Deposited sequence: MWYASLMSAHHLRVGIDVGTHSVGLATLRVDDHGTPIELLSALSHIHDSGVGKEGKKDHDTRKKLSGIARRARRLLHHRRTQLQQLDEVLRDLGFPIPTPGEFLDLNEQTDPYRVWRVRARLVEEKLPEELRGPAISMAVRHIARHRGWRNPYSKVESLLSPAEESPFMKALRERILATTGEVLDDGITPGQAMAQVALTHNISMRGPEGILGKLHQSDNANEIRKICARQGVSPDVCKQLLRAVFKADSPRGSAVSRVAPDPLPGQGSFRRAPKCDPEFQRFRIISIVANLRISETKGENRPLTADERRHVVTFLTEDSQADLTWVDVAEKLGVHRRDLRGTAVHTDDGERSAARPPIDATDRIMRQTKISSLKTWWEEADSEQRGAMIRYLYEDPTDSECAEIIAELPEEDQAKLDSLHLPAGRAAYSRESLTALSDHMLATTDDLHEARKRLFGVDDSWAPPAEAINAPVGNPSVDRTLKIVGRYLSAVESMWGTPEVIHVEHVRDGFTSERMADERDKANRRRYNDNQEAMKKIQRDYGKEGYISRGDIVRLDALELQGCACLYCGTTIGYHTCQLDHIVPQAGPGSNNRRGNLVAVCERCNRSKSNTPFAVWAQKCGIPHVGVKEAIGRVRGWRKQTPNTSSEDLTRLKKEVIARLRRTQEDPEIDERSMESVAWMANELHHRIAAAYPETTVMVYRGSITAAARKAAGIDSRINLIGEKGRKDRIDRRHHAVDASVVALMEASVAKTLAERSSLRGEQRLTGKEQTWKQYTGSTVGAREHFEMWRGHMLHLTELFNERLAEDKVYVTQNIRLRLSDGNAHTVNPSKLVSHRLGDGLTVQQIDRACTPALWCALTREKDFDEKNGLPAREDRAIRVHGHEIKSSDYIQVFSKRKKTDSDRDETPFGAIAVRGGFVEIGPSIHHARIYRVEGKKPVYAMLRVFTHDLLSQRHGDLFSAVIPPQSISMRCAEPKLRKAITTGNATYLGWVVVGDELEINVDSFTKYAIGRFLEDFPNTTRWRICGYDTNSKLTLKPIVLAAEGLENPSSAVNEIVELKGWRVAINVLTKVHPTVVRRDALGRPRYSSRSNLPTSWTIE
């Protein structure tokens, strides 16, 4: 019996923090059931898409959500839920005409950021007269269209700007799944090569719709012509009944985006495990990543762009410092006022009078109901003292209607805004155009911005909505929130717990070095309440205001405007404190896990082509050395050479002129030439060159270096017991793909054996090697590192002692494993050593298998919750100690 389970999921670009919390009836955290960081491991085809499940439509393929027709359908169906109250008792739906005007309005600009107050103003009603508003907290947009207009791919964006609906839809369908039309890729091939290269970085809205384009269009057209919502429209158009409902995609249904997809697998599996183990969660909270899990490369692009941002803003602060002799702290208000003055040409936007840096004041065009204001650049203007004093907390249009001040009006103000020009080198006309559009829009506004609520912190990113949809579908008795990525750091600061967590590192650099911080973030998000989300968002808004004034900030004192709000907030701070207690407790138990999936399937995967290296020819009659023989171009050749009666394990094949072997039927004589793999200049000698992983292909050979599936750990029996390993190449398992990979036979003529340690080869051929168990890259080793005080590793342990948990990152040689610390994140190293940087960041800890096994480390295998797995009935990989 469990009262309340709260699950928290902290989405990252390379990780997913996962936490499960138990709280009492009052919300006090009583037990941290789970806390881990899951690190990511970096026509006869399509359509294989499910058909439309609506009756009569089953011959049509379900449309992807990025299809313009789906975006349109989604907007329309959301608008078809909107209601208008003309009388305090009853609420009527929007008429067809109103619906058309609204949908037109919402699709004018996919890039416009609107609230429902905007829609209420378009409709000609008060905001409070508008109902039926995840339930869309904000108005919908054509996400696909916004993406196409924001892409950095010039030519594509241009083409998309240049019309039209049919062409747009066709192109999206082309880019997403269907190569046809023939119009594309002529349009695509016409595009510059650099852009055509960039094309794979384009991330259309993910998801598969429940219906086909045909049905989407039908339902849309219908809902736009009537007062029916989606339910009714389905009944009337298709005949289905009240109970009819389309299935939703599973959480882990692939969307074609690597990081997103592994995130989805992690989330789905975790939630399954949680519900199975402890029961159905009361709450599932998610902190989305903003921004964003489009890629790691695109994320690094956003990071570089953020560098650019930071530096140019810093340059702005410097400019104010040298231009105005500004002393000390330079507010966002000083910066904005200056920018506005330059833009408005030193004139009040409201009345036109001349202003300067001393005389001008900054105003919010539209006031915001309740605490705080909307602090967007587009809601800020430079104003004279008189206009600002007169306007007060009133919207500009309302104020201007009866201010009776000369040259003050919406028309005059918009006229001024249209006159704005760049005034800066290499500044985008795009951003300026957006800015002018926004300003004019707000100049027309006759209603306040809406008060901040519990949804102000909700993420509006497409993938956030899709994730919400999926989890809520999979857990229909559970409330689901997907917040914006800024909420955990806000929460931690506001509760004052950011320095109380016993994580590795010091409080508190920018980036964190302990990978367990994701588990913290998850725990925190699971604890989030509506009232607290509201309060936090308000505190941020206030902070923005006071930052625009430049004066002393008081927002930290704000913990709610009502009594219940402040009660909730204080209570919550108590809960955060308890959660800190629980987390540190669990950290002491070493039960805040750091996990990573291990790869057990064969590489898909080796189909890619490399430039074939030249094979070297040797006259068979001149004899061969063991090294030359071991690099024979085919295993059958190797067999032929080692089968020879005068073959010597040390001296290879002696020179003979009467030699004759048979390789796959063909006869090879002393005067004939056999081929071997070589990485030496052919003008050199390969008599002593040792064998390396390679396969023969058309025109020579290729190296299968990294392409290793697993390593089998053998104990060569002593005397002096000697541990060794066999790196099994993916190539050597293909024939037995459909079987047990870890028990499949690896013959002596295999390239794997031939590339193994000679001692191990000999041990295996003579039944002197004992199979201990297998490992793969990604596997976790628990190691006693007391005996390692020498070299780079020891110097690393001087700074990070008792670092016992390591991950296999590759096989350095045929006898050396490459390890890196699991709990530590390279992205949080502040001026490290050379040893620390070598172990963590660069080469890693490269350690001989014998040396490593001497301390008897343990291969650790973990389940869906991160817990060590020692036995399994499902024949899943279990943990084992290397003895």
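- Missing C-alpha coordinates mark the following deposited-sequence intervals, in order: 1-7, 50-252, 344-351.
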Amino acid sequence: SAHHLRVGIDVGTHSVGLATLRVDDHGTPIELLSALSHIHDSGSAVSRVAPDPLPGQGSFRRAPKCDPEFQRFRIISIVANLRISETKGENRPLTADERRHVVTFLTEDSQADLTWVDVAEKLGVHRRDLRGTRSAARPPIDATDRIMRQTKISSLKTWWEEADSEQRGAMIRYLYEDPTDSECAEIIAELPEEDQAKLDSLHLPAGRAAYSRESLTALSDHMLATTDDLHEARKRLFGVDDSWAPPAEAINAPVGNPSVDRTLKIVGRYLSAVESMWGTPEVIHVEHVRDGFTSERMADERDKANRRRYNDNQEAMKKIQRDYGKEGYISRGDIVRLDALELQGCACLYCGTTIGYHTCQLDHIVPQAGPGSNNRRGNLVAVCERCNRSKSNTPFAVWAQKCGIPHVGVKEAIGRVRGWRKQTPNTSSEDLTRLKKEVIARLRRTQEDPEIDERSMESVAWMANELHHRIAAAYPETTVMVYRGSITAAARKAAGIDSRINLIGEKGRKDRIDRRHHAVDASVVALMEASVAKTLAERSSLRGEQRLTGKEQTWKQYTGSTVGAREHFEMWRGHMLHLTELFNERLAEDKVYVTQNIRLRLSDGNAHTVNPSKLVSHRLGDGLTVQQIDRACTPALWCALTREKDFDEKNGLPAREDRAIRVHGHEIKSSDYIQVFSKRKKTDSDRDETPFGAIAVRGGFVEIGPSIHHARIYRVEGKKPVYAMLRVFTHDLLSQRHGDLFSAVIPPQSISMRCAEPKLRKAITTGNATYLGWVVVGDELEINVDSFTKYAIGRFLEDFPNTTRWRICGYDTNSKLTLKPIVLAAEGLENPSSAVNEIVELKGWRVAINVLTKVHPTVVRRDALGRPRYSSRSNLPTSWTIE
From here on, numbers count along this sequence of modelled residues.
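- When the mean C-alpha temperature factors of 796-804 and 689-697 are read from the deposited coordinates, 796-804 comes out higher.
- For the pair 520-528 and 701-709, the mean B factor over Cα atoms is greater in 701-709.
- Of the residues listed, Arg48, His38, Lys820, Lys65, the entry assigns the biggest Cα temperature factor to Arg48.
- Note on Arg262, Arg138, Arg302, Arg128: the highest value goes to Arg302, judged by CA B factor as recorded.
- Among the modelled residues of its chain, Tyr483 has a C-alpha B-factor that falls in the lowest third according to the deposited record.
- Among all modelled residues in its chain, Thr554 ranks in the highest third by Cα B-factor.
- Sort the chain's modelled residues by C-alpha temperature factor and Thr853 lands in the middle third, per the entry.
- When the modelled residues of the chain are ordered by C-alpha B-factor, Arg861 sits in the lowest third.
- Among the modelled residues of its chain, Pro247 has a C-alpha B-factor that falls in the highest third, as given in the PDB entry.
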